[PDB]
Amino acid sequence: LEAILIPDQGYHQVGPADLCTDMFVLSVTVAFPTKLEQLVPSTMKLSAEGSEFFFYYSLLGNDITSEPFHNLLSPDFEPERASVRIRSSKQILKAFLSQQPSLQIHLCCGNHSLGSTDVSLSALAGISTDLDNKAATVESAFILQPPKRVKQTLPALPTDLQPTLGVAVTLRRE
């Protein structure tokens, strides 16, 4: 199963076009970054202003970049939503989402990743038990991790203040 973009119609076909004809909307919201400064080592001194950061992920092969921000201590980040339209059948779409790799969201500087988190799209498929009547949403604050630590250190506990990003993934009929 693959999501084929129909450029003139602005949706992605999942399944046979003559059998799978229902319209769905898959939305990703990113919001409320916290403690992003902890993704940068304390021995790396950034100048007060002049840096530009943003968030990136890929949604069904579509590149999604947030508005830029310049202060890791206070991103002042307005919540941002991206949505893709999908023409499929309820059962085919769930199977497709169950086979997808995790949604990977990066804190970026240029083309460098300062940290990333994974959001399970197969978990969204599992809770999509009532799409005829209610949209299904996977939502939480997800922990951001830097790309490469040199040595193993004592892991942070889930109760600890770590870099996090609010991520909500919602699936519904159109």
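Just the heavy atoms: all of them, side chains too, but no hydrogens, waters or symmetry mates, feed the values below. Sequential numbering from 1 along the given sequence is applied to the chain's residues.
To the nearest 0.5 Å, atoms CZ (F53) and NE2 (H112) are separated by 12.5 Å. Put simply, CG on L107 and OG on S116 are 9.5 Å apart, with the number rounded to the nearest 0.5 Å. Note: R172 CZ to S128 OG = 11.5 Å, rounded to the nearest 0.5 Å. Here the straight-line distance linking atom NE2 of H106 with atom CG of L114 works out to 11.0 Å at 0.5 Å rounding. In this structure, CD on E2 lies 9.0 Å from CD on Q100, to the nearest 0.5 angstrom. To the nearest 0.5 Å, the span separating CG on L93 from OG on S98 amounts to 11.0 Å.
Shown here are the side chain to side chain donor-acceptor pair (under 3.5 Å) partners of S102, two or more places apart in sequence or in another chain: there are none. Looking at residues two or more places apart in sequence or on another chain, you find a side-chain contact (heavy atoms from CB on, under 4.5 Å) between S27 and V25, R81, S83. Among residues two or more places apart in sequence or in another chain, the side chain to side chain donor-acceptor pair (under 3.5 Å) test is passed with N111 by none. Remark: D8 pairs with no residue by the side chain to side chain donor-acceptor pair (under 3.5 Å) rule, at least two apart or across chains.
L171 and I127 fall within the same hydrophobic cluster, defined by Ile, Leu, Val, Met, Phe, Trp and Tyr side-chain heavy atoms under 4.5 Å apart, directly or through other members. Under the 4.5 Å side-chain heavy-atom criterion for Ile, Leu, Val, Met, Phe, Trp and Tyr, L97 and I64 are members of the same hydrophobic cluster. Clustering ILVMFWY residues whenever any of their side-chain heavy atoms sit less than 4.5 angstrom apart, transitively, puts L36 in the very cluster that holds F142. The hydrophobic cluster containing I4 does not contain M23, counting ILVMFWY residues as joined when their side-chain heavy atoms lie under 4.5 angstrom apart, directly or transitively. In the hydrophobic clustering of ILVMFWY residues, with side-chain heavy atoms under 4.5 Å counting as a link, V40 and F69 come out together.
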**Message:** Between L39 and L72, does the side chain to side chain contact (heavy atoms under 4.5 Å, CB included) criterion hold? Intermediate values first, please.
**Reply:** CA-CA 9 Å; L39 290 158; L72 292 179; over 6 Å; no
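Among residue pairs with one or both ends in residues 44-58, those qualifying as side-chain hydrogen bond (donor to acceptor under 3.5 Å, both in side chains) are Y56-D63; sequence neighbours excluded. Screening residues 34-44 for side-chain hydrogen bond (donor to acceptor under 3.5 Å, both in side chains) gives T34-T164 as the qualifying pairs, with residues at least two apart or on separate chains.
Across all their heavy atoms, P75 and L73 have their closest contact at CD-C, 3.8 Å. Taking all atoms of both residues into account, the shortest heavy-atom contact from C20 to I92 is SG-CG1, 4.1 Å. Minimum heavy-atom separation, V138 to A123: CG2-C, 4.1 Å.
The side-chain heavy atoms of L60 and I86, taken from C-beta on, include a pair separated by under 4.5 Å. Counting heavy atoms from C-beta on, the side chains of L124 and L26 come closer than 4.5 Å.
With hydrogens and angles disregarded, a donor-acceptor distance shorter than 3.5 Å links the side chain of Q13 to the backbone of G15. The backbone N or O of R85 lies less than 3.5 Å from a partner atom in the side chain of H12, making a donor-acceptor pair. In this structure, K90 contributes its side chain and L131 its backbone to no donor-acceptor pair below 3.5 Å. One N or O on the side chain of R87 and one on the backbone of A17 form a donor-acceptor pair closer than 3.5 Å. A donor-acceptor distance shorter than 3.5 angstrom exists from the side chain of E80 to the backbone of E67, with no hydrogens or angles considered.
Of the residues listed (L59, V119, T137, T29), the one engaging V169 in a side chain to side chain contact (heavy atoms under 4.5 Å, CB included) is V119, and it is the only one. Exactly one of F77, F55, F32 qualifies for a side chain to side chain contact (heavy atoms under 4.5 Å, CB included) with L165. That residue is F55.
Atom CG of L157 sits in a crowded spot, with more than 12 heavy atoms from other residues, nucleotides or ligands closer than 6.0 Å.
Salt-bridge check for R173 with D22: passed, with a basic side-chain N closer than 4.0 Å to an acidic carboxylate O.
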